[PDB]
Each structure stands twice: as structure tokens, then as C-alpha cells.
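J.: One structure, as C-alpha cells, below. Some questions next.
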Amino acid sequence: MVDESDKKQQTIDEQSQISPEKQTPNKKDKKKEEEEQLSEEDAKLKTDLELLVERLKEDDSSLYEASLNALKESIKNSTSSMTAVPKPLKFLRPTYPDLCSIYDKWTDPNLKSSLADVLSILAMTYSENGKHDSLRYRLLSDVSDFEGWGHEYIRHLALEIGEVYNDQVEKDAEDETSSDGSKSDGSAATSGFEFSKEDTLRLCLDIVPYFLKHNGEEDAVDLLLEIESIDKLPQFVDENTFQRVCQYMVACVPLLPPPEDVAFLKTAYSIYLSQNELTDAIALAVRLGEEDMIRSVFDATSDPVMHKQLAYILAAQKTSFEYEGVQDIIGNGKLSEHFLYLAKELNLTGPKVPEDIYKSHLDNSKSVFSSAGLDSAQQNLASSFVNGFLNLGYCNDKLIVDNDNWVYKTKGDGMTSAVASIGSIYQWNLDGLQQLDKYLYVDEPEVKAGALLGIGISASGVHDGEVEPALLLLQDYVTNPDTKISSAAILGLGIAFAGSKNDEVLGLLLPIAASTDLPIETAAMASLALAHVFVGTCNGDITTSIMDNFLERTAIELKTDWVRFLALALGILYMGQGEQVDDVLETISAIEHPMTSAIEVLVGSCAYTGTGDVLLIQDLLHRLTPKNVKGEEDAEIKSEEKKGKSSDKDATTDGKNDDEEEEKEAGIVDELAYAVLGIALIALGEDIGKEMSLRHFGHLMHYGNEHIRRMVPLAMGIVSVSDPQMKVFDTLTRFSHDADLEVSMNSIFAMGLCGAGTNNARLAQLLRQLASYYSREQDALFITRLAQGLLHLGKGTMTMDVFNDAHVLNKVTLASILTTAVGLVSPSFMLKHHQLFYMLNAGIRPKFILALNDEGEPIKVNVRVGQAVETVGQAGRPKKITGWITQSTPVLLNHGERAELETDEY
Amino acid sequence: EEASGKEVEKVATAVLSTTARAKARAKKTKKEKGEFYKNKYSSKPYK
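Chain order of the listed sequences is Y and G.
Going by our numbering, the first sequence runs without a break in its numbering and finishes at 1859.
Going by our numbering, the second sequence runs without a break in its numbering and finishes at 66.
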């Protein structure tokens, strides 16, 4: 540390830790005197650069401050940075660290502020030279180790960030702001950024996303594509490149408004398209939901290759995976056009092959019944629906149904729903139609209606490739003018085709959904189907539905039930979109009535989704307001009011669920806690408000995909046993269903206690019973999830009927709806060219460890399990493929996606 | 004024404020994101 003069080169470094002589005195004098020393100075630059490099290792604040103290003065005092022009400009290499030594090593509040500003200006000027880039690189990839640079280097980068962010917040932009003093664009700093990006992408991760989101343009993102696609395999594997891209997009989700957020993810998809894995591609194309992107990934494998090859089989598999079946329709018929084999291809895209595979699973899972034996009165009705709720998905329980004794004892609305529950035994099945036909041709109009609903449920799994479409059976019923018949018909068509907006399905449904002048309660089903049809893909926000919602309001207000259902159908209709939905809020609002104000708060949730935190504060100001106005003073109306209140509550919950899913997984925990504070606030304040919020809560959980399932449903249940509306219990059980037999062990005992114990009304008893049976599928037959499964950010379509029904006080009419519950998940299996029905092995891990992804790709260590096991629910979702040791290679990366595994053996 | 005089004032100030801040706060945040007297003599006369 102490001076020890010029005895050797080692002590020369020691000499200059206190006072330089080759950087201070000499150079200074030369620059401030002769200008032939401009020449000596040029050779001496090199020498000076080296002396920094040696003393970098020294960290103490004092022996960098003071040493280079007078050089800092010299920028403006003696050189004035233009006494010899070019020569200070290229001599700014070493003077730029001097400035940084006062910013960062020494902290003097007054100078650290002021000199930030100086540093920015000079970073720009010296980046024309493109030597400011090299200054940055020698600290980024390092030469020496000291604590100092680990803090310093962030500042250099921070200058760039500073300015670029501010141009969004202040409109004046550029170097007019004296906060940076540096021009936002121009061909001088732009070339600096590209070069900076290169070096920081290789070694670090920090600044590469910041630059995009501050520019705000999809253009920044498209430069990223170019560089990264070079890096795809020779610099590091496919896998690594993928984890970065989606880390950028998933982390900045909350702060991207609608138009910006679609526009960013386009570019992530395309990055994926360029790179080797098309498996990564298909998954993003789905995110977006645009038709246009699905077709390019399906095409890319089908059209080039003339031969059948792998290429045709792979296309079909990929579209087959969404059980919204939006992809199914689009991809079909290309297979026909190419004509290698019609027969294999067409069946494989179709959800027809997914039935067959189900039989393999069922075989392990066997049949255990646990149905109610109770007969007579409303208890007869209870039991007969309960039989279907336990044997959901493909089950065979034929014989029981054929015992028409119990079937016929159902009465009224119970008769329609009884036939409708039968349909769910043969849910997702070709066969079963038979059972339905017998009744349809005999007795009262009631059994006829109930038959059509069940057809709807059965047809869920066979409605493509023009193999018994539901459209075929149900058209005849629409023509028949009786209302019950016709209403039932369009409810089942809508369910079956789901997202599929095929020409025949859609267009049958298009003149119609346009008569509401005649007063008919059950015509809720007119719009309710079409909304369901619409979800799963980008919306037109159809002009049929929007016109009819308004017309109904003109005509009637008497049927409160009719208009509450209508309001919801509109909000469910706009699902699948958000950009276009900002428009329709206004359109709806043009016409203003207190009755119209109920419709708006609902729709607000779908437009603002995916950036909502304004939406949240709004759905809370609403809540407060009835009470609040009353608060100030203290120190026909019936229908309008009730719609008002009830809507808000639904809307708050919908908003939350959708935001938490897409946004940070962390945030899922916080939103549940906020809900509990909303309900507590309501239980005291309004008597009427409390009723609605109970029911909403169960679907809050099921939608949001809470991580915790053990504690919260149970605890909540207990308070709400005292509280009226036993329909609460059904909404909780749809969350609790989980991986059957994990959560649900606790559940059957907890739901069962209140039911069995208390009987004080059979009306009350009926809700409780149904809820119980729903929850469990015997020896893990299937799992229901609101989510796609294929994305875990994803949202379903078939599960939207479940989500609709928790807005109204319970009704026997409502029971009929409730039978419908669709939303299956397939069990993965390794496929072969002879279609092997068995998994070899898999890893499962309750909890991912990776913190690079918030999703968390599977670890490669896991805990090992056997063949032919259901893809586990929570605390088992991360799934890795074990097969590599038997010399087998996945073609279809599975991370715990719905998708079936597929393998190629060497 | 005594105490009851002061009660009217303090409550009036505060209500206006609780009402306003209730929602003004939430809104604004999120906007960027989406000589000990002695004679007291006086040189100027008065009447």
C-alpha cells in the first residue's frame, strides 16, 4: 500500500495506489501545456489502461478516490474536453472510471446525485466510438476479482435503462430532460444497445427484458429473435434457450395492457417456431388463442413431406390435445385433401381415440359403488342423480339403469334430470344412446326433454370427423316447435361441440337467440348455449346475442330469473378475448338504466383481464356504496336493485380468478386472503349480500387453482353450515375433487357430517348429497380441473357450465342444469405405431424447485412410480419422463401437460 | 366557543377528507401502472 518508488515493477503498482505519476502530474501538465504532447499521450493511453487493470484487485475506497481525484476535475477545468478534440474523446477510456469512483465507491450524497447525470451524457458520446462497449465488457466478463465492480457495473447499464423507461412516463422524451441529458434514439446510442445486449445475454440476464418493456414495442422483441436463434444449439442446448424466453414473458405479465401483451407473445411463439422444437411452438399458439397461429404449426409438419412418415401422426396428436376441440375442427380435412390414409388420421385428431384409451385406464381403476339407497319422495330424486355423479366419464353401469323401476318414480322436473343423469354414465361415449331412446318414444313430454340433455353429455366425446355429430341428432328437435323440447336440444348441442364453432353448429344457432318478446323462463338456454359455444377462441362478440339481451329488457322484468341468467351469458360470451371487449363495454353503456348498470360490471372483468389491478379496486368500491351513502345521512325498484347487487359480487370473483392465474403464482395466496376480508366486511353490513358471496367462494377456488386445498375449504364449510343455502357445499366440492382420494378423504367426512346429522327439510338435504358424490371418482378414475391442463395458465371451456351455476338461489329447474359438469382430463400413455396403451415409467414431484421459471420446469431427479398411473393433480403435477435409460426418446415433451406421451425407440 | 363549538369543526374537516382519500389514493397510485410580547408597539397608527 505504502509508496516504495520505482525499484521494480511490483513497487510501481504500489507507488500509484497513493499517488499516480504516470496518470496524474505528467499527463496533466502535458495536456495543459504543449500540444505536441498530444502525441506522447496517445502512446501512454495503453500504459494507463494496464495500471487500472493491476489495481482493480485493490478495493479500498480511499486509494481510488483520491488517486484519480484531479483527473476528475480535469474533464471541465483544464482539458475542457476540446482543447485537442479527438484526443480527449479517445482519452475518455480511463476518465470514465474516475467518475464512477465517486458515484459508487465513495458515497457523498451531493456528488453521487450530480455525477449520475454526467456519466450518462459521456456514455453516449463514447458509444459512437463503440469503445464504451468494450469498457463495459472488461468488467462484465471480468479480469480481476474485487467486490467493487459487482455493484458498479449495474450503474453503467442503469444509465441506459433510466432514460428509456422515462420516455413512457414523460412525453417530452430525449435529452430535453436533464435527468439523463441523453437522446432517446438516433444512430449513436441505438448501436450501443444492440452491442451491450450481446455481451449481457451471454454472461447475465438482468437487462435484456428491461430494454424490451421500456421500449414497449414488439420491434425490440423481434431483434431478440435474430440473436437467440443463432445461439439455439451450438452455444447451448435447445432447452436453455426456451427457459429464458418464457421467463421474460411470464414475469412481466401484470404490467402489459391488452394490446401490448398479445403483441409480445407473438414474438415468443415465432422464436419457438424457428428453433428445433415445434413442441414449444404449439403450446404458445394456444396461449394466444388465434386461429392463424394454430394452423401454421399443424401445416409445418403436414404439407412438406409427401409420405406418411412420422409427420402426419404428429400433427394429429398435437391438435387432439385441446379438448376445447377448437383445434380439432380446423385441422381436420387437410388429412382428407392429402389422402394417404383417411381412416387413421381422421380418427386420431378426433376425441374418438381418447374414449378408447379411457377403457385401458378404467380396467385398473375398477367399479366401486357408494350411491344412496334412499327412495320415496324427494329422496328418490336425490339418489337417482347421485348415481350419475359417481360414474362420470365412460362407465358401464348398464344394468342398474335397465331396472326402469327407480327411473319411472322420478316426477316433474326430476323426470327430465333423471334421464339427463343417465346420459352422464355414458359421458364421452358412443354407446349408451339406446337407454335414452326407449323413453323418448313413450309417456309425457317430460321424459322426451330429458333424453335430449343426456344426448348432449354423451356426444361430448364423439362429434368430429363426421362420425355421429350431435348436430345430426338434435336438428330435428330444434324444428319441433314445442319450447321444452327445443330448449333442451340447443343446450346439449352447445355442450358437446364445446369451443367448436363449425359452420353447421354455429349457423343453426345464428337466426335464433333472437325471440324474447314472448315471455318464457327457460329461454335463458337461447343465449346460454351460444355463449358456451363461443368461449375457447377469439370472439366476434356476436351481434345476435347483444341485440337480444336489450330486447328482453324492454319486454319484461317480471321474470327476475330470466334476466339474471341473461346477464351472465353475455360475460361468459366475451371469454376468449379482452382487447375487443374494451369496445363493447361502452356500447352496452350507451343505453343507461340502473338495470343495464348490472350488466356492465360483469363485462368489465373480461375486458381488463391480464393487466387488472384497476379492475380490482373498482369491484370493492362497488361493494361498499349501498351502505356508504346511507352512512353520510345518519350523522319496480325491487327487481332492478337485486340484479344490481348480485352482479357485482359475481364480477369481483371472476376478475380475481382470471388475473391470478395468468399473473405471478405467488399472487394466488394473496388474492384468497383479500376475499376473506371482502366476505367478512359483507356479513356484517348487508344481510342479502352475504347469501351471494358464500356460493361464489367455491368457484373462486376452483377457478383460481389454489395451491392449498386442505385447510381452507374445510374451515369455511363449518361456519356456513349454520348459514342458509346448502348450495354452498356443492361449489366447494368442485375445488376439493382434486387428485381423488388425497384432499377428498377429509372432504367426504366433513360434508357428510352436516348432512347426515341434520335433517330438518329434504330440500336442504338434496343439495348436500349431490355435492358429496361429485367429489370422488373411484380409485382415481379421472380429475376435473377448470384449467386446460395443457397450460396451467390455461382456462377450460367445458367447465364453464359449472362456473355459470352459483349465482342464484337453488331451484329444482337448476338441478337439471347441474347434471352437466363436463371437463375431463386424459391419462397419458406412451404411444407406438400399433398404439401401445401402457406407460413405461414416470417421475412425479410434488413441488418444482426451479426458480428460473415461475411455472418451474420438472426437476430431473423426482420420485419414481409405475405404469399406467393417472397424471396426478396438485402435489404431483410436475412430471418428468423416465425412459431415457431404456434408450427411448420423447417426441412430445410433457411437463405434466394433459398431453399423452409419445416415444420413439432406437 | 367551548368544546361543542370545537366538535363541529374538527368533524367537518375530517369527513370531507375520509370521503375523498378513500378512493383518491387507490386511483393515483395505480395510474402509472395501467417575541414574547412586551408592548407589541406598532409604528403605523390606527384609529
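Virtual Cβ for every residue (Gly too), placed ideally from N, Cα, C.
For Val1622(Y) and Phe1735(Y), I'd like the C-alpha separation in whole angstroms.
T.: Their backbone Cα atoms lie some 26 Å apart in a straight line.
J.: Report the residue from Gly1242(Y), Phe1195(Y), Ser1689(Y) whose alpha carbon sits nearest the alpha carbon of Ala1216(Y).
T.: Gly1242(Y)
J.: Since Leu1208(Y) meets chain G, which of its residues come closer than 9 Å, beta carbon to beta carbon?
T.: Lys52, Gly53
J.: If distances are taken between C-alpha atoms only, which option among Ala1668(Y), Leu1771(Y), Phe1099(Y), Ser1034(Y) comes closest to residue 1860(Y)?
T.: The displayed coordinates of chain Y run from 954 to 1859. Any statement about residue 1860(Y) would go beyond what the structure contains.
J.: To the nearest angstrom, how far is the alpha carbon of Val1206(Y) from that of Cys1199(Y)?
T.: 11 Å
J.: Is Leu1744(Y) near the ligand ADP, in the sense that its beta carbon is under 7 Å from a heavy atom of that ligand?
T.: The ligand ADP is not part of this structure, which contains no ligands at all.
J.: Is it true that the CB of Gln1530(Y) sits closer than 8 Å to the CB of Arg1662(Y)?
T.: Not a contact, by the Cβ cut-off of 8 Å.
J.: Can you find a CB in chain Y that lies within less than 8 Å of the CB of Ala45(G)?
T.: yes
J.: For the segment 1112-1143 of chain Y, list every residue whose C-beta sits within 9 Å of some C-beta in chain G, in sequence order.
T.: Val1122
J.: For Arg1715(Y), collect the residues of the same chain with a Cβ closer than 7 Å to its Cβ; drop the 5 residues on either side in sequence, then sort them by chain order.
T.: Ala1330, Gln1331, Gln1332
J.: Between the C-alpha atoms of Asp1417(Y) and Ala1142(Y), what's the straight-line distance to the nearest angstrom?
T.: 56 Å
J.: At the 8 Å Cβ level, is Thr1540(Y) part of the contact set with chain G, yes or no?
T.: no
J.: Shorter than 8 Å from the beta carbon of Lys29(G) to some beta carbon of chain Y?
T.: no
J.: Any beta-carbon of chain Y closer than 8 Å to the one on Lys59(G)?
T.: no
J.: Drop a sphere of 10 angstroms on the beta-carbon of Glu1192(Y), count the other beta-carbons inside from all chains shown, and report buried for 16 or more, exposed for fewer.
T.: The residue is exposed, with fewer than 16 neighbouring Cβ atoms inside 10 Å.
J.: Tell me whether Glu1419(Y) sits in a helix, a strand or coil according to DSSP, three-state version.
T.: coil
J.: Per the DSSP calculation, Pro1843(Y) is bridged to which residue(s)?
T.: Answer by DSSP bridge pairing, in chain order: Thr1856(Y).
J.: Looking at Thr1750(Y): is its Cβ nearer than 8 Å to the Cβ of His1690(Y)?
T.: no
J.: Alpha helix (DSSP H) containing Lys25(G): first to last residue?
T.: Its alpha helix (DSSP H) spans residues 21-49.
J.: Have a look at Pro1666(Y) and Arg1648(Y) and give me their C-alpha separation to the nearest angstrom.
T.: 12 Å
J.: I want to know whether the segment 1451-1464 of chain Y touches the segment 1435-1442 of chain Y - three or more CB-CB distances under 8 Å.
T.: In short, these stretches do not touch, since the Cβ pair count stays below three.
J.: Within the segment 1368-1399 of chain Y, note down every full alpha helix (DSSP H) run reaching 4 residues or more, in order along the chain.
T.: 1386-1393
J.: Taking contact to mean 3 or more Cβ pairs, one atom from each stretch, closer than 8 Å, check whether the segment 1481-1494 of chain Y and the segment 1807-1816 of chain Y are in contact.
T.: no
J.: For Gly1796(Y), report the span of its beta strand (DSSP E) as first-last.
T.: 1794-1797
J.: Mind checking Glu1539(Y): buried by the 16 CB within 10 Å criterion, or exposed?
T.: Exposed, since its Cβ has fewer than 16 Cβ neighbours within 10 Å.
J.: For chain Y, find out if any of its Cβ atoms is closer than 8 Å to the Cβ of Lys25(G); answer yes or no.
T.: no
J.: So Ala1238(Y) and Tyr1222(Y) are supposed to be a Cβ contact under 8 Å. How far apart are they, rounded?
T.: Yes, they are in contact, since the Cβ atoms of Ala1238(Y) and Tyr1222(Y) sit about 6 Å apart, within 8 Å.
J.: Does DSSP put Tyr1656(Y) in a helix, a strand or coil?
T.: helix
J.: Quick check on this structure: which residue in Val1372(Y), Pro1210(Y), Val1339(Y), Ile1375(Y) has the alpha carbon closest to the alpha carbon of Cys1559(Y)?
T.: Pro1210(Y)
J.: Which ranges would you report for the alpha helix (DSSP H) in the segment 1003-1043 of chain Y if only whole runs of at least 4 residues count?
T.: 1015-1018, 1022-1030, 1039-1043
J.: Threshold first: 3 residues or longer. Then list the beta strand (DSSP E) segments lying entirely within the segment 1595-1630 of chain Y, N to C.
T.: none
J.: Do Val1360(Y) and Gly1403(Y) count as a contact pair if the criterion is CB distance below 8 Å?
T.: no
J.: Starting from the C-beta of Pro1472(Y), find all residues in its chain whose C-beta is less than 6 Å away, skip the five residues before and the five after it, and write them out in chain order.
T.: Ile1509
J.: From the DSSP output, which residues share a beta bridge with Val1816(Y)?
T.: Here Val1816(Y) is bridged, per DSSP, to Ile1797(Y).
J.: Count the other CB atoms, across all protein chains shown, that sit within 10 Å of the CB of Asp995(Y); report buried if there are 16 or more and exposed otherwise.
T.: Taking all protein chains shown into account, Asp995(Y) has fewer than 16 neighbouring C-beta atoms within 10 Å of its C-beta and is therefore exposed.
J.: What residues from chain Y crowd round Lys42(G), counting only those whose CB sits closer than 7 Å?
T.: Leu1574
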